[PDB]
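Sequential numbering from 1 along the given sequence is applied to the chain's residues. All values below were derived from every heavy atom in this structure, side-chain atoms included, with hydrogens, water molecules and symmetry-related copies excluded.
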Amino acid sequence: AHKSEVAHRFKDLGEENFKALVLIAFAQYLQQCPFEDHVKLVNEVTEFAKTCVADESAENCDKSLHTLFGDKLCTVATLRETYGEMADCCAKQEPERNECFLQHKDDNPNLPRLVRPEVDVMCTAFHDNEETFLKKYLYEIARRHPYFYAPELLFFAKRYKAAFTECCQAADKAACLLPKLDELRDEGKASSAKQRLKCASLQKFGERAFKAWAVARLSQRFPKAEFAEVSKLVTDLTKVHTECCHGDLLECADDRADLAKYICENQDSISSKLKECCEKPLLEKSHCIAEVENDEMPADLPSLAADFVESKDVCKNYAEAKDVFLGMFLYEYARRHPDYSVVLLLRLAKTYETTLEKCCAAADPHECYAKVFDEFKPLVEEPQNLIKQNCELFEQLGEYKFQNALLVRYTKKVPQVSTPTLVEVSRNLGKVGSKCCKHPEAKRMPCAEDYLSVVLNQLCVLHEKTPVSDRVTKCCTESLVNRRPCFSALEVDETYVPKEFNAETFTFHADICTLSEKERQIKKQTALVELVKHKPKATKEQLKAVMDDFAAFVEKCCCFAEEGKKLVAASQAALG
Ligand SMILES: CCCCC[C@H](O)C/C=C1/C(=O)C=C[C@@H]1C/C=C\CCCC(=O)O
Ligand SMILES: CCCCC[C@H](O)C/C=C1/C(=O)C=C[C@@H]1C/C=C\CCCC(=O)O
Ligand SMILES: CCCCCCCCCCCCCC(=O)O
Ligand SMILES: CCCCCCCCCCCCCC(=O)O
Ligand SMILES: CCCCCCCCCCCCCC(=O)O
Ligand SMILES: CCCCCCCCCCCCCC(=O)O
Ligand SMILES: CCCCCCCCCCCCCC(=O)O
């Protein structure tokens, strides 16, 4: 409702942030334009912005942000030659022009791998012209991730900027930097697979599924809030998520900032943990809030049995308004259990619902639903037990060999997944082990759910459109809370015909000695999957015996071709 919207945004964000976000937003629409062209356009938009700051009444200062972006986009002179139909958007009036740009954000980019320079070269470059070096990489990530919400991409950039400061100075520029950059990469990976999971989930499962999830997550977060307040938050969050998924950066950022403002003007009835977030500038407020730790729950909440099992009014209260009642149940359950994953809370509410449907229909409903809590039993135990055993295995073996145990396990279940994907999914599950198994027990399930749900959804995006397995499509298109259970119930594939021996696959040279850590790991792991694909029936003593001998073939050789010939020979018979 301001006179100059571009001026208002520039005085609030601050110039450095405004330039960064302008660069991100243009790079996400104009993906094939070279860095220096985006620089020129940024400088132009920034300079016009300043005229509005100095005089809100200056020409064109009163146009909306949408109009000004669209107008700028339509002055790029090679728009049609490079973008084709996207130039057709320019002929259209603004409500419509802006919708048209939205439908044309490419997403298969098609760009070439971004190779990390050598550390020596990045530090050098960071030092000689810090902004070009950072800004160019923001541009590179943004054009390769055109749906990544722009302020979050800016928040990560500030993290890289921090890291180069830190490390481009000390005794070793590899023992400071590399593990920071590697942690930033996995974490950026997650953040992005996560935004796509939220949006695709809303389509597949519906607003109702989505809302159940939010009731649960926010009840865990704000266990002191009243249900009515939790429900108002999920209704507004639902609408935000919905606008953000439609994709218009300004509209998403407006709704998110409105929700932030509400949250902060109501801290006392939501959470004693919001003080710091609610002091942050607008740009980081909502982001801080979505990341806040769970508040402490209030002391000695009653058990759930009274309102949900014991009351004579159960069926009556349910049937008046079934979703509100199930949402009260889910709220009451989740506030008590910061330690459950959200999907387990859903599985629990969905169980309570299936039980009230059957039983409320009976002459004596109470006798029928009297044991429902006992049904929550094994639902809770199952994920806790799988987590417990996998962290113990992880403790017993360490990451790389845990990764290896995960390879033979998953290759036997779904041998017809390609070798790189199996390698990839297993190295990554190993990372979820090493990050989640450091939580005590009462944090492990929420952790595990976070990362696995990310890892599985991408699994499921790959598979779709490159289908190799009916059992993977089954798990990938299951309901939301059934997905991870479905993968977990996968057994060793008894259908699978062994891959025929391939001579080249188990022949290695001197290189493996000299390549890096990682790459030697991938190479050995590729071979191992290949090993399992050829003898799907190998027992574990037999695999180990063969793995110990590969490491002894590698150990003493660094004889690659004649021994390897008898590495193979000996192996094809300890497995024959
Ligand atoms: C062997 C690949 C190494 C990593 C890939 C490059 O470093 C790009 C850098 C990214 C980043 O930082 C965040 C997201 C992208 C990568 C994600 C998906 C690419 C798949 C579809 C596509 O990009 O065509
Ligand atoms: C992404 C922050 C915005 C600006 C951050 C710094 O400019 C980056 C500087 C880099 C560097 O010097 C070497 C590698 C990174 C780029 C890496 C991956 C791209 C996508 C990975 C992801 O999804 O974060
Ligand atoms: C398509 C043109 C993009 C407009 C430039 C970005 C404006 C900055 C929005 C940042 C506000 C974030 C609000 C929030 O996420 O809580
Ligand atoms: C797999 C997704 C469905 C999970 C739903 C299980 C039963 C809980 C229903 C909650 C309905 C949303 C009502 C609300 O809490 O606002
Ligand atoms: C911390 C476990 C290391 C990673 C290995 C895979 C184990 C999967 C445990 C599943 C818990 C999922 C949450 C849920 O579905 O309720
Ligand atoms: C493409 C499917 C190959 C298997 C790779 C990951 C399988 C899903 C794992 C989910 C976490 C482990 C599930 C489990 O073993 O209980
Ligand atoms: C029939 C071919 C026999 C050689 C193929 C064996 C592949 C062994 C990979 C095992 C590496 C995991 C343990 C390690 O890196 O030391």
Side-chain angles (χ1 to χ4, degrees), residues 1 5 8-9 12-13 21 24-25 28 64-66 69 95 98-99 102 105 145-156 190-222 225-267 269-271 273-274 277-278 280-292 294 323 327 330-331 334 342 346 450 453-454 457 480:
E5 275 295 327
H8 185 256
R9 296 294 193 172
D12 177 64
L13 300 177
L21 288 153
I24 293 163
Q28 303 184 302
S64 70
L65 292 164
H66 285 281
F69 186 67
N98 176 94
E99 289 329 274
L102 252 10
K105 262 181 174 187
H145 299 274
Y147 287 100
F148 207 123
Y149 173 57
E152 262 142 48
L153 223 219
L154 167 54
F155 174 82
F156 270 100
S191 173
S192 173
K194 217 192 292 113
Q195 295 171 48
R196 245 248 260 175
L197 164 62
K198 282 274 200 309
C199 304
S201 279
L202 183 63
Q203 167 82 276
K204 270 185 78 303
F205 306 123
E207 153 156 344
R208 186 179 176 261
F210 177 78
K211 283 205 220 195
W213 190 94
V215 166
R217 185 57 184 103
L218 293 150
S219 295
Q220 286 180 319
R221 284 305 192 64
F222 306 135
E226 283 183 52
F227 175 76
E229 182 79 31
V230 158
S231 178
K232 182 276 178 31
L233 295 170
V234 350
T235 288
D236 290 8
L237 193 155
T238 291
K239 155 139 224 346
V240 159
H241 177 38
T242 297
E243 311 244 73
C244 293
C245 292
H246 178 258
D248 181 313
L249 175 51
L250 301 176
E251 305 299 321
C252 176
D254 284 340
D255 292 346
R256 281 178 60 116
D258 294 355
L259 180 41
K261 287 175 32 79
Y262 180 90
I263 287 170
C264 297
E265 280 135 27
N266 294 272
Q267 282 181 244
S269 104
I270 296 174
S271 194
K273 302 276 171 110
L274 302 157
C277 292
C278 285
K280 288 205 159 146
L282 187 142
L283 161 66
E284 298 163 16
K285 192 169 281 179
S286 76
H287 171 263
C288 182
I289 293 172
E291 261 247 60
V292 62
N294 297 151
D323 285 358
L330 186 47
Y331 161 75
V342 172
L346 299 183
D450 243 77
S453 87
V454 137
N457 197 57
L480 156 51

All pairs passing salt bridge (charged side-chain N to carboxylate O under 4.0 Å, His left out) where residues 210-221 contributes a residue, at least two apart: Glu207-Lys211
Among pairs that include at least one residue of residues 236-249, which meet salt bridge (charged side-chain N to carboxylate O under 4.0 Å, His left out), considering only residues two or more places apart or in two chains?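 Qualifying pairs: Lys232-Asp236, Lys239-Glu243, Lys239-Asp255.
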After noting the C-alpha distance and the side-chain angles of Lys280 and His287, does the key distance pass the side chain to side chain contact (heavy atoms under 4.5 Å, CB included) rule? CA-CA 10 Å; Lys280 288 205 159 146; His287 171 263; over 6 Å; no
Counterpart residues, salt bridge (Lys or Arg N to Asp or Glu O under 4.0 Å), relative to [X] (two or more places apart):
X: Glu226; value: none
X: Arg9; value: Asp254
X: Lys261; value: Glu265
X: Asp323; value: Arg208

Hey, does [Y] have a side-chain heavy atom less than 4.5 Å from the side chain of [X]?
X: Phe205; Y: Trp213; value: no
X: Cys199; Y: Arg196; value: no
X: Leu233; Y: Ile270; value: yes

Going by ring pair (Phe, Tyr, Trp, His ring centres under 6.0 Å), name the residues that satisfy it together with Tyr331, two or more places apart in sequence or in a different chain.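 For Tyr331 the ring pair (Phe, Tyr, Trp, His ring centres under 6.0 Å) partners, ignoring immediate neighbours, are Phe227.
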Which residues satisfy the ring pair (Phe, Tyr, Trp, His ring centres under 6.0 Å) test with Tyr147, sequence neighbours excluded? none
What's the verdict on disulfide (SG to SG under 2.5 Å) for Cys277 and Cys264, showing C-alpha distance, side-chain angles and the deciding distance? CA-CA 8 Å; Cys277 292; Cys264 297; over 6 Å; no
Of all residues at least two apart in sequence or in a different chain, which pass the side-chain contact (heavy atoms from CB on, under 4.5 Å) check with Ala334?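 side-chain contact (heavy atoms from CB on, under 4.5 Å) list for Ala334, sorted by chain: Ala216, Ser219, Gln220, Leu345.
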Out of curiosity, [X] [atom1] to [Y] [atom2], how far, rounded to the nearest 0.5 Å?
X: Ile263; Y: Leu259; atom1: CD1; atom2: CG; answer: 4.0 Å
X: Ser201; Y: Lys194; atom1: OG; atom2: NZ; answer: 13.0 Å
X: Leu282; Y: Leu13; atom1: CG; atom2: CG; answer: 7.5 Å
X: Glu5; Y: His66; atom1: CD; atom2: NE2; answer: 10.0 Å
X: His145; Y: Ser192; atom1: NE2; atom2: OG; answer: 5.5 Å

Determine the minimum heavy-atom distance between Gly327 and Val215, stating which atoms define it. O-CG1, 3.7 Å
Which heavy atom in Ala214 sits nearest to a heavy atom in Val234, and how many Å separate them?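 Scanning both residues completely, I find the closest heavy atoms to be CB-CB, 3.9 Å.
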Output every pair passing ring pair (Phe, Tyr, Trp, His ring centres under 6.0 Å) with a member in residues 228-265, not counting sequence neighbours, ordered by first then second residue. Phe210-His241
Salt-bridge criterion met for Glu152 and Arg256 (N-O under 4.0 Å):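 Yes, charged N to carboxylate O under 4.0 Å.
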For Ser231, what residues pass the side chain to side chain donor-acceptor pair (under 3.5 Å) criterion, not counting sequence neighbours? none
Any residue meeting side chain to side chain donor-acceptor pair (under 3.5 Å) with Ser271, in chain and number order, not counting sequence neighbours: none
Checking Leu202 against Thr238 for the side chain to side chain contact (heavy atoms under 4.5 Å, CB included) test, could you report, in this order, the C-alpha distance in whole Å, the side-chain angles of both residues, the deciding distance, and whether it holds? CA-CA 9 Å; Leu202 183 63; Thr238 291; 5.7 Å; no
Start with the C-alpha distance between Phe69 and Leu249, add both sets of side-chain angles, then the distance that settles side chain to side chain contact (heavy atoms under 4.5 Å, CB included), and finish with yes or no. CA-CA 11 Å; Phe69 186 67; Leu249 175 51; over 6 Å; no
List the steps, then state whether side chain to side chain contact (heavy atoms under 4.5 Å, CB included) holds for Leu154 with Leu283. CA-CA 10 Å; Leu154 167 54; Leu283 161 66; 4.0 Å; yes
Would you say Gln195's side chain and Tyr149's backbone share a donor-acceptor pair under 3.5 angstrom? yes
Donor-acceptor under 3.5 Å (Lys105 side chain, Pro146 main chain): yes
Step through the shown structure and confirm whether more than 12 heavy atoms of other residues, nucleotides or ligands are within 6.0 Å of NZ on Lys273.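 Enclosed: over 12 neighbouring heavy atoms sit under 6.0 Å from NZ of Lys273.
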